[PDB]
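Note: the block below is start.cif and it holds mmCIF, N, CA, C and O atoms; chains and numbers go by the auth columns.
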```cif
data_model
#
loop_
_atom_site.group_PDB
_atom_site.id
_atom_site.type_symbol
_atom_site.label_atom_id
_atom_site.label_comp_id
_atom_site.label_asym_id
_atom_site.label_seq_id
_atom_site.Cartn_x
_atom_site.Cartn_y
_atom_site.Cartn_z
_atom_site.B_iso_or_equiv
_atom_site.auth_seq_id
_atom_site.auth_asym_id
ATOM 1 N N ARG A 1 -2.734 2.074 -14.402 0.00 1 G
ATOM 2 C CA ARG A 1 -2.519 1.734 -12.975 0.00 1 G
ATOM 3 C C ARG A 1 -2.049 2.970 -12.197 0.00 1 G
ATOM 4 O O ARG A 1 -2.876 3.766 -11.740 0.00 1 G
ATOM 5 N N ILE A 2 -0.716 3.106 -12.053 0.00 2 G
ATOM 6 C CA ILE A 2 -0.062 4.228 -11.330 0.00 2 G
ATOM 7 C C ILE A 2 -0.819 4.629 -10.041 0.00 2 G
ATOM 8 O O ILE A 2 -1.260 5.769 -9.871 0.00 2 G
ATOM 9 N N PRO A 3 -1.022 3.675 -9.119 0.00 3 G
ATOM 10 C CA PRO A 3 -1.748 3.904 -7.881 0.00 3 G
ATOM 11 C C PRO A 3 -0.831 4.177 -6.688 0.00 3 G
ATOM 12 O O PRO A 3 -1.286 4.197 -5.545 0.00 3 G
ATOM 13 N N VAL A 4 0.457 4.366 -6.953 0.00 4 G
ATOM 14 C CA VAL A 4 1.429 4.614 -5.888 0.00 4 G
ATOM 15 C C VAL A 4 2.329 5.799 -6.232 0.00 4 G
ATOM 16 O O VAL A 4 2.795 5.926 -7.366 0.00 4 G
ATOM 17 N N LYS A 5 2.602 6.648 -5.246 0.00 5 G
ATOM 18 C CA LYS A 5 3.477 7.786 -5.474 0.00 5 G
ATOM 19 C C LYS A 5 4.429 7.972 -4.295 0.00 5 G
ATOM 20 O O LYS A 5 5.597 7.598 -4.373 0.00 5 G
ATOM 21 N N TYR A 6 3.926 8.573 -3.219 0.00 6 G
ATOM 22 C CA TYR A 6 4.737 8.840 -2.027 0.00 6 G
ATOM 23 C C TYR A 6 5.150 7.545 -1.331 0.00 6 G
ATOM 24 O O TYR A 6 4.450 6.545 -1.422 0.00 6 G
ATOM 25 N N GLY A 7 6.286 7.571 -0.645 0.00 7 G
ATOM 26 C CA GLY A 7 6.781 6.392 0.049 0.00 7 G
ATOM 27 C C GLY A 7 8.097 5.931 -0.523 0.00 7 G
ATOM 28 O O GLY A 7 8.828 6.724 -1.110 0.00 7 G
ATOM 29 N N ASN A 8 8.412 4.654 -0.352 0.00 8 G
ATOM 30 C CA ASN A 8 9.677 4.115 -0.859 0.00 8 G
ATOM 31 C C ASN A 8 9.472 3.292 -2.134 0.00 8 G
ATOM 32 O O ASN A 8 10.352 2.532 -2.545 0.00 8 G
ATOM 33 N N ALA A 9 8.314 3.469 -2.763 0.00 9 G
ATOM 34 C CA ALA A 9 7.978 2.774 -3.998 0.00 9 G
ATOM 35 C C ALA A 9 8.345 3.632 -5.203 0.00 9 G
ATOM 36 O O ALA A 9 9.332 3.355 -5.882 0.00 9 G
ATOM 37 N N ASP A 10 7.550 4.681 -5.441 0.00 10 G
ATOM 38 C CA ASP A 10 7.767 5.615 -6.554 0.00 10 G
ATOM 39 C C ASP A 10 7.803 4.899 -7.899 0.00 10 G
ATOM 40 O O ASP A 10 8.868 4.504 -8.377 0.00 10 G
ATOM 41 N N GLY A 11 6.642 4.736 -8.511 0.00 11 G
ATOM 42 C CA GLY A 11 6.572 4.069 -9.798 0.00 11 G
ATOM 43 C C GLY A 11 5.952 2.693 -9.704 0.00 11 G
ATOM 44 O O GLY A 11 5.490 2.143 -10.702 0.00 11 G
ATOM 45 N N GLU A 12 5.930 2.133 -8.500 0.00 12 G
ATOM 46 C CA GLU A 12 5.347 0.817 -8.286 0.00 12 G
ATOM 47 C C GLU A 12 3.826 0.895 -8.273 0.00 12 G
ATOM 48 O O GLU A 12 3.251 1.982 -8.205 0.00 12 G
ATOM 49 N N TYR A 13 3.184 -0.255 -8.388 0.00 13 G
ATOM 50 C CA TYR A 13 1.741 -0.332 -8.438 0.00 13 G
ATOM 51 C C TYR A 13 1.166 -1.028 -7.210 0.00 13 G
ATOM 52 O O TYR A 13 1.877 -1.735 -6.499 0.00 13 G
ATOM 53 N N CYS A 14 -0.130 -0.842 -6.977 0.00 14 G
ATOM 54 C CA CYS A 14 -0.797 -1.471 -5.854 0.00 14 G
ATOM 55 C C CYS A 14 -1.028 -2.943 -6.152 0.00 14 G
ATOM 56 O O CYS A 14 -1.760 -3.288 -7.084 0.00 14 G
ATOM 57 N N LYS A 15 -0.400 -3.798 -5.362 0.00 15 G
ATOM 58 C CA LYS A 15 -0.533 -5.234 -5.536 0.00 15 G
ATOM 59 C C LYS A 15 -1.695 -5.739 -4.698 0.00 15 G
ATOM 60 O O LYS A 15 -1.640 -5.739 -3.466 0.00 15 G
ATOM 61 N N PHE A 16 -2.759 -6.128 -5.378 0.00 16 G
ATOM 62 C CA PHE A 16 -3.960 -6.603 -4.713 0.00 16 G
ATOM 63 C C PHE A 16 -4.152 -8.097 -4.933 0.00 16 G
ATOM 64 O O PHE A 16 -4.116 -8.572 -6.068 0.00 16 G
ATOM 65 N N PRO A 17 -4.359 -8.856 -3.848 0.00 17 G
ATOM 66 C CA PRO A 17 -4.410 -8.327 -2.491 0.00 17 G
ATOM 67 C C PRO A 17 -3.068 -8.401 -1.764 0.00 17 G
ATOM 68 O O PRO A 17 -2.315 -9.362 -1.924 0.00 17 G
ATOM 69 N N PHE A 18 -2.776 -7.411 -0.938 0.00 18 G
ATOM 70 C CA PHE A 18 -1.534 -7.431 -0.180 0.00 18 G
ATOM 71 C C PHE A 18 -1.815 -7.880 1.248 0.00 18 G
ATOM 72 O O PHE A 18 -2.935 -7.739 1.736 0.00 18 G
ATOM 73 N N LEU A 19 -0.813 -8.451 1.901 0.00 19 G
ATOM 74 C CA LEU A 19 -0.980 -8.952 3.259 0.00 19 G
ATOM 75 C C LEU A 19 -0.517 -7.939 4.299 0.00 19 G
ATOM 76 O O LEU A 19 0.659 -7.565 4.337 0.00 19 G
ATOM 77 N N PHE A 20 -1.442 -7.522 5.153 0.00 20 G
ATOM 78 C CA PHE A 20 -1.133 -6.578 6.216 0.00 20 G
ATOM 79 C C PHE A 20 -1.486 -7.191 7.561 0.00 20 G
ATOM 80 O O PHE A 20 -2.658 -7.233 7.938 0.00 20 G
ATOM 81 N N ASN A 21 -0.472 -7.670 8.270 0.00 21 G
ATOM 82 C CA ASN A 21 -0.653 -8.297 9.584 0.00 21 G
ATOM 83 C C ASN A 21 -1.633 -9.472 9.538 0.00 21 G
ATOM 84 O O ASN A 21 -2.275 -9.790 10.542 0.00 21 G
ATOM 85 N N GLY A 22 -1.731 -10.124 8.384 0.00 22 G
ATOM 86 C CA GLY A 22 -2.619 -11.266 8.248 0.00 22 G
ATOM 87 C C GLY A 22 -3.924 -10.952 7.541 0.00 22 G
ATOM 88 O O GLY A 22 -4.760 -11.837 7.359 0.00 22 G
ATOM 89 N N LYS A 23 -4.106 -9.706 7.136 0.00 23 G
ATOM 90 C CA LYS A 23 -5.326 -9.308 6.448 0.00 23 G
ATOM 91 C C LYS A 23 -5.014 -8.869 5.022 0.00 23 G
ATOM 92 O O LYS A 23 -4.182 -7.989 4.802 0.00 23 G
ATOM 93 N N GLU A 24 -5.686 -9.485 4.058 0.00 24 G
ATOM 94 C CA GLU A 24 -5.484 -9.151 2.655 0.00 24 G
ATOM 95 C C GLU A 24 -6.413 -8.017 2.242 0.00 24 G
ATOM 96 O O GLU A 24 -7.624 -8.089 2.459 0.00 24 G
ATOM 97 N N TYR A 25 -5.848 -6.980 1.643 0.00 25 G
ATOM 98 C CA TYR A 25 -6.643 -5.843 1.192 0.00 25 G
ATOM 99 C C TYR A 25 -6.699 -5.797 -0.321 0.00 25 G
ATOM 100 O O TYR A 25 -5.672 -5.907 -0.991 0.00 25 G
ATOM 101 N N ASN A 26 -7.898 -5.616 -0.856 0.00 26 G
ATOM 102 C CA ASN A 26 -8.078 -5.536 -2.301 0.00 26 G
ATOM 103 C C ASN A 26 -8.138 -4.075 -2.737 0.00 26 G
ATOM 104 O O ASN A 26 -8.604 -3.764 -3.834 0.00 26 G
ATOM 105 N N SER A 27 -7.666 -3.184 -1.866 0.00 27 G
ATOM 106 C CA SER A 27 -7.663 -1.751 -2.143 0.00 27 G
ATOM 107 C C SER A 27 -6.721 -1.026 -1.184 0.00 27 G
ATOM 108 O O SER A 27 -6.015 -1.658 -0.394 0.00 27 G
ATOM 109 N N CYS A 28 -6.710 0.303 -1.253 0.00 28 G
ATOM 110 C CA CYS A 28 -5.854 1.105 -0.382 0.00 28 G
ATOM 111 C C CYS A 28 -6.534 1.332 0.964 0.00 28 G
ATOM 112 O O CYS A 28 -7.701 1.724 1.024 0.00 28 G
ATOM 113 N N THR A 29 -5.805 1.091 2.043 0.00 29 G
ATOM 114 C CA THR A 29 -6.347 1.270 3.379 0.00 29 G
ATOM 115 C C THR A 29 -5.528 2.295 4.154 0.00 29 G
ATOM 116 O O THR A 29 -4.377 2.550 3.814 0.00 29 G
ATOM 117 N N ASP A 30 -6.109 2.864 5.207 0.00 30 G
ATOM 118 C CA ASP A 30 -5.392 3.832 6.026 0.00 30 G
ATOM 119 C C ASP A 30 -4.988 3.180 7.339 0.00 30 G
ATOM 120 O O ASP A 30 -4.598 3.854 8.289 0.00 30 G
ATOM 121 N N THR A 31 -5.092 1.852 7.376 0.00 31 G
ATOM 122 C CA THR A 31 -4.743 1.077 8.559 0.00 31 G
ATOM 123 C C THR A 31 -3.259 1.229 8.856 0.00 31 G
ATOM 124 O O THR A 31 -2.432 1.223 7.943 0.00 31 G
ATOM 125 N N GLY A 32 -2.924 1.390 10.127 0.00 32 G
ATOM 126 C CA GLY A 32 -1.543 1.572 10.510 0.00 32 G
ATOM 127 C C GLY A 32 -1.125 3.024 10.384 0.00 32 G
ATOM 128 O O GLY A 32 -0.133 3.456 10.974 0.00 32 G
ATOM 129 N N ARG A 33 -1.904 3.775 9.610 0.00 33 G
ATOM 130 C CA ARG A 33 -1.660 5.189 9.380 0.00 33 G
ATOM 131 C C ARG A 33 -2.593 6.038 10.229 0.00 33 G
ATOM 132 O O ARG A 33 -3.779 6.163 9.920 0.00 33 G
ATOM 133 N N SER A 34 -2.067 6.653 11.275 0.00 34 G
ATOM 134 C CA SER A 34 -2.891 7.507 12.123 0.00 34 G
ATOM 135 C C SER A 34 -3.086 8.868 11.470 0.00 34 G
ATOM 136 O O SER A 34 -3.708 9.765 12.043 0.00 34 G
ATOM 137 N N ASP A 35 -2.550 9.009 10.264 0.00 35 G
ATOM 138 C CA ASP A 35 -2.650 10.238 9.507 0.00 35 G
ATOM 139 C C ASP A 35 -3.845 10.208 8.573 0.00 35 G
ATOM 140 O O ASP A 35 -4.191 11.207 7.947 0.00 35 G
ATOM 141 N N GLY A 36 -4.456 9.044 8.482 0.00 36 G
ATOM 142 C CA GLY A 36 -5.601 8.862 7.615 0.00 36 G
ATOM 143 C C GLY A 36 -5.205 8.789 6.156 0.00 36 G
ATOM 144 O O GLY A 36 -6.018 9.055 5.274 0.00 36 G
ATOM 145 N N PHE A 37 -3.950 8.426 5.893 0.00 37 G
ATOM 146 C CA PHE A 37 -3.470 8.321 4.519 0.00 37 G
ATOM 147 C C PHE A 37 -3.657 6.905 3.987 0.00 37 G
ATOM 148 O O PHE A 37 -3.228 5.934 4.617 0.00 37 G
ATOM 149 N N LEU A 38 -4.281 6.790 2.820 0.00 38 G
ATOM 150 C CA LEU A 38 -4.507 5.500 2.202 0.00 38 G
ATOM 151 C C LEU A 38 -3.234 5.017 1.519 0.00 38 G
ATOM 152 O O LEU A 38 -2.564 5.775 0.814 0.00 38 G
ATOM 153 N N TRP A 39 -2.891 3.763 1.740 0.00 39 G
ATOM 154 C CA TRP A 39 -1.688 3.203 1.155 0.00 39 G
ATOM 155 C C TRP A 39 -1.927 1.782 0.668 0.00 39 G
ATOM 156 O O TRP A 39 -2.977 1.188 0.924 0.00 39 G
ATOM 157 N N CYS A 40 -0.941 1.241 -0.023 0.00 40 G
ATOM 158 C CA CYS A 40 -1.004 -0.112 -0.542 0.00 40 G
ATOM 159 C C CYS A 40 0.412 -0.649 -0.660 0.00 40 G
ATOM 160 O O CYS A 40 1.375 0.113 -0.561 0.00 40 G
ATOM 161 N N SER A 41 0.555 -1.941 -0.874 0.00 41 G
ATOM 162 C CA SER A 41 1.877 -2.518 -1.013 0.00 41 G
ATOM 163 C C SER A 41 2.079 -3.020 -2.433 0.00 41 G
ATOM 164 O O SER A 41 1.116 -3.228 -3.166 0.00 41 G
ATOM 165 N N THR A 42 3.328 -3.221 -2.799 0.00 42 G
ATOM 166 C CA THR A 42 3.679 -3.715 -4.122 0.00 42 G
ATOM 167 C C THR A 42 4.322 -5.091 -3.972 0.00 42 G
ATOM 168 O O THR A 42 4.910 -5.644 -4.900 0.00 42 G
ATOM 169 N N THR A 43 4.183 -5.632 -2.770 0.00 43 G
ATOM 170 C CA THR A 43 4.718 -6.939 -2.429 0.00 43 G
ATOM 171 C C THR A 43 3.634 -7.791 -1.770 0.00 43 G
ATOM 172 O O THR A 43 2.495 -7.341 -1.611 0.00 43 G
ATOM 173 N N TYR A 44 3.986 -9.011 -1.379 0.00 44 G
ATOM 174 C CA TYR A 44 3.036 -9.901 -0.722 0.00 44 G
ATOM 175 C C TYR A 44 2.887 -9.514 0.744 0.00 44 G
ATOM 176 O O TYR A 44 1.909 -8.874 1.131 0.00 44 G
ATOM 177 N N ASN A 45 3.872 -9.888 1.553 0.00 45 G
ATOM 178 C CA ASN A 45 3.857 -9.561 2.970 0.00 45 G
ATOM 179 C C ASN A 45 4.549 -8.211 3.164 0.00 45 G
ATOM 180 O O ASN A 45 5.768 -8.107 3.047 0.00 45 G
ATOM 181 N N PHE A 46 3.760 -7.179 3.425 0.00 46 G
ATOM 182 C CA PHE A 46 4.289 -5.824 3.591 0.00 46 G
ATOM 183 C C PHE A 46 5.314 -5.705 4.721 0.00 46 G
ATOM 184 O O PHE A 46 6.259 -4.926 4.624 0.00 46 G
ATOM 185 N N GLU A 47 5.111 -6.440 5.802 0.00 47 G
ATOM 186 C CA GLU A 47 6.007 -6.360 6.953 0.00 47 G
ATOM 187 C C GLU A 47 7.447 -6.774 6.629 0.00 47 G
ATOM 188 O O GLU A 47 8.390 -6.080 7.013 0.00 47 G
ATOM 189 N N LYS A 48 7.627 -7.910 5.959 0.00 48 G
ATOM 190 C CA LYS A 48 8.972 -8.391 5.646 0.00 48 G
ATOM 191 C C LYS A 48 9.687 -7.528 4.600 0.00 48 G
ATOM 192 O O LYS A 48 10.870 -7.220 4.756 0.00 48 G
ATOM 193 N N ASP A 49 8.987 -7.158 3.529 0.00 49 G
ATOM 194 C CA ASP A 49 9.597 -6.359 2.467 0.00 49 G
ATOM 195 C C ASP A 49 9.622 -4.879 2.833 0.00 49 G
ATOM 196 O O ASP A 49 10.687 -4.266 2.888 0.00 49 G
ATOM 197 N N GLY A 50 8.459 -4.314 3.110 0.00 50 G
ATOM 198 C CA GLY A 50 8.389 -2.921 3.499 0.00 50 G
ATOM 199 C C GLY A 50 8.127 -1.969 2.348 0.00 50 G
ATOM 200 O O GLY A 50 8.145 -0.755 2.541 0.00 50 G
ATOM 201 N N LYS A 51 7.881 -2.501 1.153 0.00 51 G
ATOM 202 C CA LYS A 51 7.614 -1.657 -0.008 0.00 51 G
ATOM 203 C C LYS A 51 6.168 -1.175 -0.004 0.00 51 G
ATOM 204 O O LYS A 51 5.236 -1.986 0.013 0.00 51 G
ATOM 205 N N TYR A 52 5.980 0.143 0.019 0.00 52 G
ATOM 206 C CA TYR A 52 4.649 0.724 0.063 0.00 52 G
ATOM 207 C C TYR A 52 4.633 2.100 -0.576 0.00 52 G
ATOM 208 O O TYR A 52 5.669 2.638 -0.976 0.00 52 G
ATOM 209 N N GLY A 53 3.451 2.673 -0.620 0.00 53 G
ATOM 210 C CA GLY A 53 3.277 3.989 -1.155 0.00 53 G
ATOM 211 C C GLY A 53 1.860 4.459 -0.975 0.00 53 G
ATOM 212 O O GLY A 53 0.965 3.651 -0.721 0.00 53 G
ATOM 213 N N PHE A 54 1.644 5.755 -1.086 0.00 54 G
ATOM 214 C CA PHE A 54 0.312 6.296 -0.911 0.00 54 G
ATOM 215 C C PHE A 54 -0.395 6.426 -2.248 0.00 54 G
ATOM 216 O O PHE A 54 0.186 6.894 -3.228 0.00 54 G
ATOM 217 N N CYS A 55 -1.643 5.983 -2.280 0.00 55 G
ATOM 218 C CA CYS A 55 -2.440 6.020 -3.496 0.00 55 G
ATOM 219 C C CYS A 55 -2.948 7.430 -3.776 0.00 55 G
ATOM 220 O O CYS A 55 -3.738 7.980 -3.007 0.00 55 G
ATOM 221 N N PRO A 56 -2.501 8.040 -4.886 0.00 56 G
ATOM 222 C CA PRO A 56 -2.911 9.394 -5.260 0.00 56 G
ATOM 223 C C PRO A 56 -4.286 9.423 -5.921 0.00 56 G
ATOM 224 O O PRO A 56 -4.418 9.788 -7.092 0.00 56 G
ATOM 225 N N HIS A 57 -5.310 9.035 -5.167 0.00 57 G
ATOM 226 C CA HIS A 57 -6.668 9.019 -5.686 0.00 57 G
ATOM 227 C C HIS A 57 -7.263 10.417 -5.590 0.00 57 G
ATOM 228 O O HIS A 57 -7.202 11.191 -6.545 0.00 57 G
ATOM 229 N N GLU A 58 -7.813 10.750 -4.432 0.00 58 G
ATOM 230 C CA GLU A 58 -8.387 12.066 -4.217 0.00 58 G
ATOM 231 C C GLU A 58 -7.391 12.951 -3.475 0.00 58 G
ATOM 232 O O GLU A 58 -6.495 12.447 -2.795 0.00 58 G
ATOM 233 N N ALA A 59 -7.542 14.265 -3.603 0.00 59 G
ATOM 234 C CA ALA A 59 -6.646 15.199 -2.935 0.00 59 G
ATOM 235 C C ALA A 59 -7.213 15.617 -1.586 0.00 59 G
ATOM 236 O O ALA A 59 -8.408 15.966 -1.531 0.00 59 G
#
```
Would it be possible to restate this file's structure as structure tokens?
Amino acid sequence: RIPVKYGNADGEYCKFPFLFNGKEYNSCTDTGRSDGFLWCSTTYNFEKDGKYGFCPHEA
């Protein structure tokens, strides 16, 4: 697994599907990120918990 690194997760995994403003993602999205960084959550509703991280796929 190990699909999360940067953020407030560190060691957590991408929980698919995660809920982002009512939309479930089965992968890492750059939504909400104007930096174009792909991220994912390790919780159900990302807004309430806030646990996330960036997926270290490609450099």
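The closest residue to residue 36 in chain G, picked from G:14, G:55, G:2, G:9 and counting only C-alpha atoms, is G:55.
The nearest approach to residue 17 in chain G among the residues G:5, G:44, G:38, G:29, with only C-alpha atoms taken into account, belongs to G:44.
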**Asked** Can you list, as a ChimeraX atom specification, every residue of chain G that DSSP puts in helix (DSSP H, G or I)?
**Response** /G:46-49
As JSON, please: the centre and edge lengths in Å, to one decimal, of an axis-aligned box enclosing every listed atom of range 34-49 of chain G with 6 Å added on each side.
```
{"center_x": 2.4, "center_y": 0.7, "center_z": 3.6, "size_x": 28.9, "size_y": 33.1, "size_z": 29.0}
```
**Message:** Considering only strand (DSSP E) as DSSP defines it on the backbone, what residues of chain G qualify? List them as a ChimeraX atom specification.
**Reply:** /G:18-20,23-25,39-41,52-54
**Request:** Quick one: residues within 6 Å of (8.0, 1.2, 2.0) (file frame), counting all atoms listed in the file, please, as a ChimeraX atom specification.
**Result:** /G:7-9,50-53
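Non-sequential neighbours of residue 49 in chain G (distance at most 12 Å, separation of 6 or more positions within a chain, only C-alpha atoms) are residues 8, 9, 18, 19, 20, 41, 42 and 43 of chain G.
The coordinates place CA of residue 23 in chain G at 24.1 Å from atom C of residue 10 in chain G.
Reported to one decimal place, the separation of atom O of residue 28 in chain G from atom N of residue 16 in chain G is 11.3 Å.
Atom pair CA of residue 21 in chain G / CA of residue 47 in chain G: separated by 7.4 Å.
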